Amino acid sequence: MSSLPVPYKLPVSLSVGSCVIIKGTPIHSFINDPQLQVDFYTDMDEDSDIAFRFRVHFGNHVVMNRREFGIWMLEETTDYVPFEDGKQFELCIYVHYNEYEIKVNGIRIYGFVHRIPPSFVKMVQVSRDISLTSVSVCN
């Protein structure tokens, strides 16, 4: 009631210069493998292609990938996961001409190069072990 439903599904239109800003807090931190997942889908169905999946294993690493016609492509990872148990974070995903830039609390942690045009994204889903306070899509 203090937070948004998770999983969370938001229709979006993205263009270069757009952003998706997610404010939330890691929860269930006492479980073995707490996670956060953000998916950029090309349609409202969860069976549609995923232009970009950002999946954090808190305290461990992030895995990023894309899905086309049900098939996952080669993933990318980084160990830089500057989140804190029980503390609110600001996760910023900026849509540049060439990549999604991901920032956590003002710090760039990765750039995921576009494999399809970001204008093809129609929905953002946020899932797993967070309390979600706000999602903002820049004008």
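The first residue of the shown sequence is 1; numbering continues from there.
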Quiz item: On average, are the C-alpha B-factors higher in 78-86 or in 104-112?
Solution: 78-86
Quiz item: Got a sec? Mean C-alpha B-factor, which is higher, 14-22 or 121-129?
Solution: 14-22
Quiz item: Highest Cα B-factor in the PDB entry belongs to which of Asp33, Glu68, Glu99, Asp39?
Solution: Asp33
Exercise. Going by the recorded CA B-factors, say which third of the chain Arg53 sits in, lowest, middle or highest.
Key: lowest
Self-check item: CA B-factor ranking of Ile93, expressed as a third of its chain
Solution: lowest
